[PDB]
J.: 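My questions all concern the structure below.
This chain uses plain numbering: 1 for the first residue, then up along the sequence.
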Amino acid sequence: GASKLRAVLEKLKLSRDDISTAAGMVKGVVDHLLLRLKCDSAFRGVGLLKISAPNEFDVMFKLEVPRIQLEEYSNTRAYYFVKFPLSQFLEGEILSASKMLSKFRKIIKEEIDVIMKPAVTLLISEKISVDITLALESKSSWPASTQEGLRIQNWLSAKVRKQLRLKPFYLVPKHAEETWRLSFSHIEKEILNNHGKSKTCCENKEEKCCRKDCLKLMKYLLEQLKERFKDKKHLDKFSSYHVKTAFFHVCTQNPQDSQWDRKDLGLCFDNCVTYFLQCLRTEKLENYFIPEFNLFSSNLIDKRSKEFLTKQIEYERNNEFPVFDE
Ligand SMILES: Nc1nc2c(ncn2[C@@H]2O[C@H](COP(=O)(O)O[C@@H]3[C@H](O)[C@@H](COP(=O)(O)OP(=O)(O)OP(=O)(O)O)O[C@H]3n3cnc4c(=O)[nH]c(N)nc43)[C@@H](O)[C@H]2O)c(=O)[nH]1
Ligand SMILES: [Zn+2]
């Protein structure tokens, strides 16, 4: 379906000045929050670690904490308690996510045409929504639950996995409670931008793969379907993170750049859609870094919404995506 999909990618490029100038003011607001945040004892040394869905922007504020100790919350491989001026957020020996997240919020309140709402949400001039997520930074080795994650050996190399896992990891105050959740959104950006088996993937005309186009098509497929099913709101829980995560699994499944040749955009997209479909139908989408953390368990998304999106994605697939027409 190259023609139809290439037309879609060409349509998306048309809003490139909208995504830029809208994030162009996200910038000057985030720098302003960063300035006065660095004036508070607890948030000194905070710094910047972007577009989720047209006009939905995400910024992560990283904060360097001293040596950190993690206790896995129950058997949820992603959620943890945290222990070691930061002393003010303590609940005994653990560091209170809910309480730290709370002072963050209030410092941004007195700093704010912007208005409020793990994410603190701003609204710049009504159109532009910004997610501002506080991230604790740990330079310790990654937690045990990531040992079998990041299965990039056959795709990027074994040595690249070793380089990636020497980098810090992050905890956002997202409670399953004073609990924090692992974050590797910095690693997600690295493997997205440095995505080939060939180190020179997409640096010359002989190596133009279609990995990034497939993810765009997949993000756009979900955005369009979510728009169409706005009457009965069955798709509210699915995000482009479910799409990005599935796209990482397909990259692991098709590790060679030859499996992402631009000429094959139609078949590559089909691989992304079929694997996403298998995830919905088996109620299993593994976090790329934490395999025993199922983003699609009936815990997070009930079975009816998943069965719903299957049928729609299945119909779209079997009919050469009429959602992409005209
Ligand atoms: N976006 C995102 N999701 C991630 C990441 N790593 C794991 N996940 C998990 O993927 C699922 C997709 O969620 P979403 O993006 O559609 O929405 C998530 C989350 O569900 C929502 C908060 O909803 P809540 O449960 O009602 O509240 P919460 O428990 O967060 O409240 P509190 O903070 O008081 O505890 O927020 C979205 N979200 C999650 N993490 C982030 C993040 O880092 N940035 C932004 N902008 N939004 C986020 C979910 O199951 C999710 O956990 C990951 O890196 N990104
Ligand atoms: Zn490439």
J.: Check whether any side-chain heavy atom of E137 sits under 4.5 Å from a side-chain heavy atom of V65, and report yes or no.
T.: no
J.: Set out, in order, the CA-CA distance, both residues' side-chain angles and the distance that settles salt bridge (charged side-chain N to carboxylate O under 4.0 Å, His left out) for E307 and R281, then state yes or no.
T.: CA-CA 7 Å; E307 297 211 340; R281 205 190 290 266; over 6 Å; no
J.: What do you reckon, are the aromatic ring centroids of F169 and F289 less than 6.0 Å apart?
T.: no
J.: Can you name the closest pair of heavy atoms from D58 and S52 and give their distance?
T.: CB-OG, 4.0 Å
J.: Roughly how far, to the nearest 0.5 Å, is CG of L285 from OH of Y241?
T.: 9.0 Å
J.: With the side chain counted from C-beta on, respond yes when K103 and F89 share a heavy-atom pair under 4.5 Å apart, and no when they do not.
T.: yes
J.: Yes or no on side chain to side chain donor-acceptor pair (under 3.5 Å) for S140 and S138, after CA distance, side-chain angles and deciding distance?
T.: CA-CA 5 Å; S140 318; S138 177; 3.1 Å; yes
J.: Is the number of heavy atoms from other residues, nucleotides or ligands under 6.0 Å of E206 CD greater than 12?
T.: yes
J.: Does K311 have more than 12 heavy atoms from other residues, nucleotides or ligands lying within 6.0 Å of its NZ?
T.: no
J.: Just by distance, with hydrogens left out, do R44 and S41 show a side-chain donor and acceptor under 3.5 Å apart?
T.: yes
J.: Identify the two heavy atoms, one from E178 and one from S96, that lie closest to each other, and give their separation to 0.1 Å.
T.: CG-OG, 3.8 Å
J.: May I ask you to check whether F43 and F61 place their ring centres under 6.0 Å from each other?
T.: no
J.: In sequence, state the C-alpha distance, the side-chain angles, and the governing distance for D31 and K27, and then conclude on salt bridge (charged side-chain N to carboxylate O under 4.0 Å, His left out).
T.: CA-CA 6 Å; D31 323 305; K27 184 39 179 222; 3.6 Å; yes
J.: Got a second to check how far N154's CG is from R161's CZ, nearest 0.5 Å?
T.: 11.5 Å
J.: I need the single residue from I301, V243, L225 that forms a side chain to side chain contact (heavy atoms under 4.5 Å, CB included) with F238. Which is it?
T.: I301
J.: Could you check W142, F293, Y288 and say which one makes a ring-ring contact (aromatic ring centres under 6.0 Å, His included) with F184?
T.: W142
J.: Determine whether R165 and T146 satisfy the following criterion, side chain to side chain donor-acceptor pair (under 3.5 Å), listing intermediate values before the conclusion.
T.: CA-CA 9 Å; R165 303 181 96 266; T146 73; 2.9 Å; yes
J.: Could you go through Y80 and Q69, starting from their C-alpha distance and side-chain angles, then the distance that decides it, and tell me whether this counts as side chain to side chain donor-acceptor pair (under 3.5 Å)?
T.: CA-CA 9 Å; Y80 290 75; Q69 283 220 101; over 6 Å; no
J.: So for atom CD, which belongs to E320, do other residues, nucleotides or ligands contribute more than 12 heavy atoms lying within a distance under 6.0 Å?
T.: no
J.: State, with a plain yes or no, whether a side-chain heavy atom of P143 is found less than 4.5 Å away from one of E72.
T.: no
J.: Atom CG of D270 and atom CZ of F321: how far apart are they, to the nearest 0.5 Å?
T.: 6.5 Å
J.: Taking the side chain as every heavy atom from C-beta outward, state whether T179 and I94 have any pair of such atoms under 4.5 Å apart.
T.: no
J.: I need the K284 NZ to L295 CG distance, nearest 0.5 Å.
T.: 11.0 Å
J.: Show the numbers, then the answer: is there a side chain to side chain donor-acceptor pair (under 3.5 Å) between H32 and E111?
T.: CA-CA 8 Å; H32 179 53; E111 275 313 316; 2.9 Å; yes
